[PDB]
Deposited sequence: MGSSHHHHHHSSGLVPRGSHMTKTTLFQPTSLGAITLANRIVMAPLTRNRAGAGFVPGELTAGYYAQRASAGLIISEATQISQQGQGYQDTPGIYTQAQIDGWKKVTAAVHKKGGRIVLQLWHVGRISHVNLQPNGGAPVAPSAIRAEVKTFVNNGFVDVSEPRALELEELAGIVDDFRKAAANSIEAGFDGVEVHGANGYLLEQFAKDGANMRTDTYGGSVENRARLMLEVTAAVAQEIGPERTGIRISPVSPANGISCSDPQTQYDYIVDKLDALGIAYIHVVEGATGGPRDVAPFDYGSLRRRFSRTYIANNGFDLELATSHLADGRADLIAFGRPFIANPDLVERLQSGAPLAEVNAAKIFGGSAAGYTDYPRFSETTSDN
């Protein structure tokens, strides 16, 4: 059941509830975790496993303002306090490694340069920059030569995550960012070895996960994927073929887990992968687990508004709704001031 302990690769989890990666845009100077962030995560450490907010491996890979990094010592040292705070509550925390690719803005990029991508095709989405929402910039298609360098930024970012006391990492292979831009033909128009087929489109994602897995162990490596894009995501002519291939290859690398943002056949992916499946509601989630479809279930917004989400799912206490206006940016308010259940109600 949802509330009983389990293991993920090496580590041991108090329960099967995962806190999904949620961007909050509250990092400080130098993309170092802001001073309240340790608290934020420790408040939610009753989660079996926390996946951190997406965290850029380089400034090139930054796409939203005030998201944190994992590439300078300042950031590492900021993260140590957070891993410590989580661990002192008996918790687990994995860092989600990020490269946004074309989902960025010149204002965030080194020297005002153009964001990078497999092909020079702008995304039709906005980002949060200069304290407002603006269309993402036109990207530059990456030279074949640069790719090994990006694989190495992930490699190095994984070893920085271990320095910082994380229990492992999660490669961000989803939600329209760099590695998915390569994976999906809606955005990968290349004709070299990193495009033009299932196997080529899939090459960067697999190279990145293979390098991360070698650096730190497959047992501390996970990846997130999202086979079916939303309406305004990346077009993908045949995601089933694409993601059956990718999961076959991921399973071959021996990695601890896949994290799937869920007409598509997930049972195929589930079958192909021989370790943990993290799927991304209490009672359907329970059936989903009972049914053998997943091993862990990741909840997103509910963890924003209910720090005691695990306890409330277990007791039946009603859940607090999110203040949506305070998710991204700002202060303690709508971040660390969400009450636990006893501090929410009036008897009369």
| item | value |
| --- | --- |
| Deposited positions without coordinates, collected into consecutive stretches in sequence order | 1 to 24, 287 to 296, 315 to 317 |
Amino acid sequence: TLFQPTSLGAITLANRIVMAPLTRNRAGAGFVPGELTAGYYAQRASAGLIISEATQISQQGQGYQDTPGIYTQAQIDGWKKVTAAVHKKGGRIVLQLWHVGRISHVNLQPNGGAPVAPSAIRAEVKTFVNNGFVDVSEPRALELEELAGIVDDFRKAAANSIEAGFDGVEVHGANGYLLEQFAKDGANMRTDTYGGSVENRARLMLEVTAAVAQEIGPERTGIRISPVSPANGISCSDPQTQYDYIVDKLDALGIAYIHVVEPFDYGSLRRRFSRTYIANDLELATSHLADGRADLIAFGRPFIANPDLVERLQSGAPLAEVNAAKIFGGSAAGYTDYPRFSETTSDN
From here on, numbers count along this sequence of modelled residues.
| query | finding |
| --- | --- |
| Selected stretch [higher average CA B-factor]: 198 to 206 or 227 to 235 | 227 to 235 |
| Mean C-alpha B-factor comparison - 175 to 183 and 88 to 96, higher one | 88 to 96 |
| Candidate set 53, 281, 66, 308 [ranked by C-alpha B-factor, highest] | 281 |
| Of the residues 37, 62, 46, 286, the one carrying the largest Cα B-factor as recorded | 286 |
| Residue 170 CA temperature factor, ranked by third within the chain | lowest |
| Residue 302 - which third its CA temperature factor falls in, relative to the rest of the chain | lowest |
| Residue 101 - which third its CA temperature factor falls in, relative to the rest of the chain | lowest |
| Residue 336 by Cα B-factor - lowest, middle or highest third of the modelled chain | lowest |
| Third assignment of residue 135 from its chain's C-alpha B-factors | lowest |
